[PDB]
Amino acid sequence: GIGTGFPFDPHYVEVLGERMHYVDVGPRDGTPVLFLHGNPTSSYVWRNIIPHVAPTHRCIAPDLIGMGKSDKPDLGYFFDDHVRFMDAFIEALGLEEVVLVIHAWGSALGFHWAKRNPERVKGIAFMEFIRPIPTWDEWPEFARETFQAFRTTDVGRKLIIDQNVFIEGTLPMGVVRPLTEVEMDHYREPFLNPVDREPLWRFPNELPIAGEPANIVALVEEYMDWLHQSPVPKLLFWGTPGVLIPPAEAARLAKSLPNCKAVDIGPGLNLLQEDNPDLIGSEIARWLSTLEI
């Protein structure tokens, strides 16, 4: 059965006046592997993937500011806030060159950091990642009216902040296999208090859909422009039917993006880590062995 525990010792670092929590396992020398989660998850989403990589490589998995075991400042939790705190996190750990393993909103953070710091990125493994969604027709039909309602300050905040729907409903609807009560309690833990749910609502309001917000659309277009030409080694995981990346898109990207290998994980929606963690971790471990790190 897929593991439900989170055995990792807590590590904390002060970042811009705030304490950020991170997993830090594996050997201390060599190039580290930095794991970035998205909405509404935490380093918990990497718990069954990291044990495949940690025998041979350092694994660092931070909880984004306002999420997981990290501190909860009184912020808007805009994408720009996450960019500021992640930039500062990476410098606080003194990381030099890295391999990135990134997912969904963590993929926007990772690709935006890689585009700005390409000399420091030796490879990117990614899955269910953020690209511009040009019209609402390109958002999955089964989740279209709900994400449209999320992108409002009235209904959207009622659902996500008052009623915790991103945790109770959107999260399980992002996994094909059923989540256990223990797993759901791990995802619920950072957000038991409704006043702490601001990141859960601002994230879907930042998604680059139908041209808004224009500033995020532009930023995401920029790192996609880079990714289509950069020689950086790329490993793309995808599932069927997917959410942000449908199978036909994954197959086109595997051909268009330079130096990109694609791996079919089988059934999957958004949190591919919850549907086939052993294939994702074992393929990352094999792919790392082919990099000059």
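When you see a residue number, it is the position in the sequence shown, counting from 1.
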Q: Going by the average Cα B-factor in the PDB entry, point out whether 52-60 or 258-266 comes out higher.
A: 258-266
Q. Looking at the entry, does 187-195 or 146-154 show the higher mean C-alpha B-factor?
A. 187-195
Q: In terms of CA temperature factor as recorded, identify the highest of 72, 112, 82, 202.
A: 72
Q. Among 137, 206, 128, 87, which residue carries the highest C-alpha B-factor recorded in the PDB entry?
A. 137
Q: Check where residue 232 lands among this chain's C-alpha B-factors and tell me if it's the lowest, middle or highest third.
A: middle
Q: Going by the recorded CA B-factors, say which third of the chain residue 23 sits in, lowest, middle or highest.
A: lowest
Q. If you rank the chain by CA B-factor, which third does residue 239 end up in: lowest, middle or highest?
A. highest
Q) Lowest, middle or highest third: where is residue 248 by Cα B-factor in its chain? A) highest
Q) Would the CA B-factor of residue 167 place it in the lowest, middle or highest third of its chain? A) lowest
